[PDB]
């Protein structure tokens, strides 16, 4: 209820796409996102964690209007490159803490995860930038999550 931030931002118009068990070799990220880009679908969030036993998972987000289109291109790519599956979700929201301060990522992110945890909001994705910490949650909890974050932090 004291930490300082510029604001809390969110986006309800987002759809999640994940291709799981993709081979961890150069050129794959381009094979996944190349055809999405070729279709002119805009991409917002992209998340990839470390490979384990030579496969990794690759997730990105698109505007809700492009979900079905991106899903089918990703599903066709998933079969082409031997990935395990391609899965999609439309019932998500992206909420972010902005104006974070570069040296302080560990503090504000600790508080944000704490605030979400008090309510029982499960975090599905986490991404970071120099001035932002971003979270992906189920869409229905958005209002509770924003209210929790407004209490947890101090707006500048």
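Residue numbers count along the first chain shown, from 1.
Engineer: Look over 55 to 63 and 34 to 42 in the entry and identify the one with the greater average Cα temperature factor.
Structural biologist: According to the PDB entry, the answer is 34 to 42.
Engineer: According to the deposited model, is the average Cα temperature factor higher in 43 to 51 or in 84 to 92?
Structural biologist: The entry gives the higher C-alpha B-factor average to 84 to 92.
Engineer: If you check the C-alpha B-factor for each of 128, 69, 104, 124 in the entry, which is highest?
Structural biologist: That would be 104, according to the entry.
Engineer: Is the Cα B-factor recorded for residue 9 in the lowest, middle or highest third of its chain?
Structural biologist: CA B-factor rank for residue 9: highest third.
Engineer: Please place residue 147 in the lowest, middle or highest third of its chain according to the CA B-factor in the PDB entry.
Structural biologist: Its C-alpha B-factor, which the entry lists for residue 147, ranks in the highest third among residues of this chain.
Engineer: Grab the CA temperature factor for residue 115 from the record and place it in the lowest, middle or highest third of its chain.
Structural biologist: Its C-alpha B-factor belongs to the middle third of this chain's values.
Engineer: Would you check the entry's CA temperature factor for residue 140 and let me know if it's in the chain's lowest, middle or highest third?
Structural biologist: Highest third - that is where residue 140 ends up once the chain's C-alpha B-factors are sorted.
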